[PDB]
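Notes follow once the structure below has been shown.
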Amino acid sequence: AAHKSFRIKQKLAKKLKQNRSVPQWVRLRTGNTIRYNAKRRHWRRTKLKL
Amino acid sequence: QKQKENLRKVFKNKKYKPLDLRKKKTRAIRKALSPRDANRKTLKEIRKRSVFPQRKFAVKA
Amino acid sequence: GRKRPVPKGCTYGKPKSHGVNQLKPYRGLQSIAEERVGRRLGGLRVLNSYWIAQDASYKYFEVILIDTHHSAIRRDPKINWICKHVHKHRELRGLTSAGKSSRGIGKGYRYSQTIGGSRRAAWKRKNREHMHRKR
Amino acid sequence: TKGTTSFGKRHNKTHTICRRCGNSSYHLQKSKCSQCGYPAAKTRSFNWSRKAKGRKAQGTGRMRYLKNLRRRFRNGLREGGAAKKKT
Amino acid sequence: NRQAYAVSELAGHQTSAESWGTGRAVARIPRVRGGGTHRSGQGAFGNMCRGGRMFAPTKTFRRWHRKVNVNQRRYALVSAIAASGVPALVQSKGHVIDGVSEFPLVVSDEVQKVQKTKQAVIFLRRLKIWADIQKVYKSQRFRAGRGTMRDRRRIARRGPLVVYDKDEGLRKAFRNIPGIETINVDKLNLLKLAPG
Amino acid sequence: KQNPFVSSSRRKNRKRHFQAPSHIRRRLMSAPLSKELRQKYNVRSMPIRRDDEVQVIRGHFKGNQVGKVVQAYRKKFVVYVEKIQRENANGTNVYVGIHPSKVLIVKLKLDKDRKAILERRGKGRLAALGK
RNA sequence: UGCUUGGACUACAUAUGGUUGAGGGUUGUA
RNA sequence: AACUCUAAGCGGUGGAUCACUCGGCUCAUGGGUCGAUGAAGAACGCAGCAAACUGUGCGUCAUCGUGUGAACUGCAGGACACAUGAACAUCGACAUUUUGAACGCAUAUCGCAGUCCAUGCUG
RNA sequence: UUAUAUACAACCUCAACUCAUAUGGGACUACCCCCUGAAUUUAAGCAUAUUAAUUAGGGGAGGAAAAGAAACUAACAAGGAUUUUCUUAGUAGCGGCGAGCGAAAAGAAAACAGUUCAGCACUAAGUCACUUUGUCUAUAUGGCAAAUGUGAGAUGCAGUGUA
RNA sequence: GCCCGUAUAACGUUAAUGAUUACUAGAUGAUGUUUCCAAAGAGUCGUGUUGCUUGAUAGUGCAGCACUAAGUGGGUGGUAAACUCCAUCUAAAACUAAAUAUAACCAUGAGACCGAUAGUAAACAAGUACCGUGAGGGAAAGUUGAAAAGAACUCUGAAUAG
RNA sequence: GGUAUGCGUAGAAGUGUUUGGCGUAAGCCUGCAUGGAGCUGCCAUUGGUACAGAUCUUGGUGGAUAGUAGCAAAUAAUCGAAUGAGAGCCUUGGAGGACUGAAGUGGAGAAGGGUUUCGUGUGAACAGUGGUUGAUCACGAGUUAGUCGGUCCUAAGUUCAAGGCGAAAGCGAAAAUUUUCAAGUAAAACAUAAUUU
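Protein chains in written order, with the numbering used here: chain Y, 273 to 322; chain H, 108 to 168; chain V, 418 to 552; chain C, 5 to 91; chain R, 165 to 360; chain G, 384 to 514.
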């Protein structure tokens, strides 16, 4: 940490803003197939590296 | 639009046209021998197309 | 000649395949000396060639390039043939003087394969089995 | 020497993210992108990794202008003409 | 008119098993390579598996049509004409005929020029076989399979045939009644006559 | 049947009815007109509208009813009616959906556009009464 | 004048002119 | 009654059977469409409540004209600016951040420039 | 104009330009094109054969590509551009005369389209392209002349003439 | 015959068949006869010889090397060599739509195909979750009923519950 | 593909079975009980056709045990008050016992982590025991520079202008040869002067 760079500050928001759960109403679409997420990150059961 | 449409009327009547206003059509027919200029037939091939023409008959009994 | 790029003690596999220091290339120099124009010069086609001289450390030819889009050359229609799209870069595809002659092209029976199109597009033509609709 | 006594001595990142890529492949020291070829002017592809090509092939996502081209040339590349009300 | 069908000569073999094998008391079938991903090994490449190729499958040049002879064809045609008449066995293979007035029935050549086929069941209702083709509307049904997903829904018993000599409007007229499938004389294709 | 360019395959003719687009549905949500209305204009069929009047014939209730409509839930292939209701146990009712091909039109709104669709349907059947 | 804020610009290989040309290369007029 | 042996009922772990398939692969006729005017792939920024897939490019879940002719919808809220178009699809108009074949020198650095006008303050 | 003592004019090789004005590396690949050329395998082993003038092979194209108007056949009561299919034929020879390889004109079928270059004599550069100025219009890197404004062009342009 | 559709067809837009008019560009033959000139591709043919390669064998072509051509000549005629002829073509220059090839890309239908341990690696938020740093390896998971009408409210527990 | 005016929401396919029966036998026929939309018999053909097995592939599930194996290293925790549906803990705060001993189990820095840091709120998996707090979720905020630093300079070395070679890609390369391949320098005619590889 603490000496990142301006990709790995902007890359790390996208692997941060994707760490919500499901939108908390959108399981009332038509044909709701979304229970909880596929990409769902913890941070010791899942690594980043890309 | 009027910032575009005013340009192409005052950029009428020139060659060396503006790049962003030059007919963005294809690749494989822009840079290969324009069609008013690629039918420019040759002299010894427009004399054999002058005097013996294709005649529309039916060779039958 | 041409020496085969394997390092320092030569090829593995078989003794059909050992011999290096005399192996000879196939395309003659008069069609290599137009690839070594056509890619260093990104702009122009290739028309013919002719040798001049020879001494022991080079043979060394000339290349008669043609411009492609000088606005003269579109309206010069006795040499209009070469600036359709299908004739450009005629050093690789083998339809210069020597590059025609390199692939074994004529007719008839000193050339009988190559006949199936190009050259060894014979040796994908004749082994092509026709399991019919109705045998 | 390799059981677990080398798992705390492997921290230095030796494969960073490249430019026209996204897949960590640029080998810092030899300055060469692995999956593609950043300093090579060619997407170094091969004819023995058929499966991997299916991730870097023409038609794996955006295709911005290519999509437009399909429709434009289907109408006949009609440009500069705009429509009129139906009569 | 058989079409072709095959499993696509890759399939299964998007692969790189090579045998993390023998022995650690897991079997010999070659094994999918690195993993973390429920694929180590779990076995491609071998025809008793999950994902692997099924047995040496249809390479799509087969003897998939069959070829016939020139004489046996019309010998099978002339052995269909002579199964039109002798009208016993054409009752015993269906086609109830208890109102037709002639075997083999030959109608007048005026009826080639019928226009709207509602006026032509009147022809059949005045040939006492409209109550015959009423057998066909019973037997339209559903195929046994696997008909009802590859679109072959079902059929019924093909009813009467009517040879026209020279066409006027008949082929464009009769086509709507379920079962009647007509013909020109100078073809006389086989399996429209004698089905099955 | 006669022209090869229209299919019949079961995936294919459900391809282009479920996942057909979101304005072609109004070309597919039609209902039969009333029998008296088949003489003012003498056309069989018309698509329903979001504030018209349509009537149940073959549903749960079998129909003797005038009724308007709140909306046309064109994802759900359906149309509501502002008297067919059923609550939960909580005391809150909605409009149980009834598909267009089980209901009957009694009154349309004849606007400027909606009159022009009648004349487009006007001669077209009547031209087919000549032959 | 210098600051900050916009734009336009400013690859290389390269073809035919354009300009300025460099040459105990080759002459000519002196 | 403990327990163990055995049938069936019945509850229970399980997802096999059969059915159903907005999909797969095969079969065959059609057409020429690949960029120096910025392609192909990525990074991001996206919207009212939004992560994705899909859509896009500071005009950012859509876009001028066009066509057809009233809605999308879990909900709030705006519409009915149908009647001078809802929402679609078509699509010609205009747009196209960021990077490539990097067309500034150049990237484990949003870093270093250089020319010229414009536009603000020095003054 | 060269004791290496100056100009000017050409020429000849030859530069430099934020000149003008324009063309190109790249993506894909089934098919196609010139390339480079391996191996388990078969011979009951293997080394020439085979896998094969083959998978990576990558440089090149397109709706065609290459070929194509014979320095061919055949040897006959002759034929006659190129390509694909049926057959020639699993026959001719190549073969550790081992395994195994392997064509072909000729016969019939689709389609059919033949001709510019070079070089005597062809006998007033009669040539070609920019430029600017107008004609004529058009989303033309455009049609008519002109100044005959350049330069290209005799180290040869054009017309007629070609196995 | 409930609905689009599908059936012949009408509606409509774009081409596409140009009689004439104009402008621009050119042309008198073929025809037999003999007078005069009938000019023809130069390190390439071809031989030697090495090395891949061929159905090709005292050679198929394609190549590097040495050679180095003739003008009533040059190749070519499947056994080499002269030697006599004969026949047929004229090397090293250059272009052309077709009938041929199509797992691509784009819109299109089709059946003796599979029915979620099958079928493309995936019917779905499969080249995504995921591990290897890497090259890259790649799985699992479809099918509430006609309608969401999804179980109000009462009782019990602190609750999802019961 | 032919066929039986074939049965089918007045219950069709499989699933069970202490209903009944036919064959030598494989196999059907049949009753009841689920079940909710399609199915079989004769005769022509036929395809990826019947499984106990392959140290067989995949998915449940046993006995041992479904409570055995063992969760034993780092001195060692404790009464009372809370609150809590419920506490040996952790969750606290009150005491006060002993450890870590300043080449610490202490305070802040590097690589790597990537939202863990903080408040607020909490039910279930998560914390190889519990759980009222947690490096889990829910829900909110939170990282300010002219001086700290990347940025400039250059080090071993990437071989990265086109002299060169290679069939091309590109070259397990002290590319020192490459008109001027000079940075130029307030400059002077008449390649600005000796200068820069």
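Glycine included, every Cβ here is placed at the ideal spot set by N, Cα and C.
Query: Under 7 Å between C-beta atoms of R:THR224 and R:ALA168; Result: yes
Query: Length of the line joining the Cα atoms of G:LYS498 and G:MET412; Result: 19 Å
Query: Own chain residues within Cβ distance below 6 Å of R:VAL171, not counting five before or after; Result: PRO221
Query: Burial state of Y:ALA274, where buried means 16 or more other Cβ atoms lie within 10 Å; Result: exposed
Query: Three-way DSSP call (helix, strand, coil) for residue 336 of chain G in this model; Result: Within the shown structure, residues of chain G are numbered from 384 to 514, placing residue 336 of chain G beyond reach of any answer.
Query: Own chain, CB closer than 6 Å to V:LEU464, minus 5 neighbours either side, in chain order; Result: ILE481, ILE483
Query: Alpha-carbon to alpha-carbon, R:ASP350 and G:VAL489; Result: 57 Å
Query: Inter-residue CB distance, R:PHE209 and R:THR179 (contact presumed, cutoff 8 Å); Result: 6 Å
Query: Nearest-angstrom Cα separation, counted from G:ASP496 out to C:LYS90; Result: 15 Å
Query: Expected contact under 8 Å - CB spacing of V:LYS551 and R:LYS336 to nearest Å; Result: At roughly 32 Å, the Cβ-Cβ gap does not stay under 8 Å, so V:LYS551 and R:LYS336 are not in contact.
Query: Same chain only: Cβ atoms within 7 Å of R:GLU182, ignoring 5 sequence neighbours per side; Result: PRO194
Query: Element boundaries [beta strand (DSSP E), containing G:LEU487]; Result: 486-490
Query: Closer than 8 Å at the beta carbon, the chain H residues around V:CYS500; Result: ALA139, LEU140
Query: Below-7 Å beta-carbon distance, Y:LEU284 vs any chain C residue; Result: no
Query: V:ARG491 vs H:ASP144 beta-carbon contact at 7 Å; Result: yes
Query: Same chain, Cβ closer than 6 Å to V:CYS500, neighbours up to 5 away in sequence not counted; Result: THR485
Query: Delimiting residues of the alpha helix (DSSP H) encompassing V:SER514; Result: 514-519
Query: 8 Å contact criterion, which G:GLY446 and G:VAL452 should meet: CB distance rounded; Result: That belief does not hold up - the Cβ atoms of G:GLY446 and G:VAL452 are roughly 15 Å apart, past 8 Å.
Query: Interface residues of the segment 473-495 of chain V facing chain H [CB-CB below 8 Å]; Result: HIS486, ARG491, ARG492, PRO494, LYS495
Query: Contact under 7 Å by Cβ, R:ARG321 with R:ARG307; Result: no
Query: Separation of C:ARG74 from V:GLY523, as counted between CA atoms; Result: 42 Å
Query: 7 Å Cβ cutoff met for V:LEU440 and V:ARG419; Result: yes
Query: Own chain, CB closer than 8 Å to V:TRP498, minus 5 neighbours either side, in chain order; Result: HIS504
Query: Buried or exposed by the 16-neighbour rule on C-beta atoms within 10 Å, applied to V:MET548; Result: exposed
Query: Secondary structure of G:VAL479, DSSP reduced to three states; Result: coil
Query: N-terminal and C-terminal residue of the alpha helix (DSSP H) that R:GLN167 is part of; Result: Segment: none, R:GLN167 is in no alpha helix (DSSP H) and carries neither H nor E.
Query: Where G:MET429 falls, given that 16 or more other Cβ within 10 Å makes a residue buried; Result: buried
Query: Cutoff 7 Å: H:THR149 Cβ touching any chain V Cβ; Result: yes
Query: Cβ separation of R:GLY343 and R:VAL300, assumed to be a contact under 8 Å, to the nearest whole Å; Result: 5 Å
Query: Interfacial residues, the segment 19-32 of chain C to chain Y, with Cβ spacing under 8 Å; Result: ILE21, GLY26, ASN27, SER28
Query: 7 Å Cβ cutoff met for G:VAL437 and G:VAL389; Result: no
Query: Identified DSSP bridge partners for G:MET429; Result: G:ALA414
Query: Whole-angstrom distance between R:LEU352 and R:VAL271, CA atom to CA atom; Result: 18 Å
Query: Alpha-carbon to alpha-carbon, H:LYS151 and H:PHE159; Result: 14 Å
Query: Residue-chain proximity (V:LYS543, chain R), Cβ-Cβ < 7 Å; Result: no
Query: Rounded C-alpha distance that separates G:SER405 from C:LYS36; Result: 49 Å
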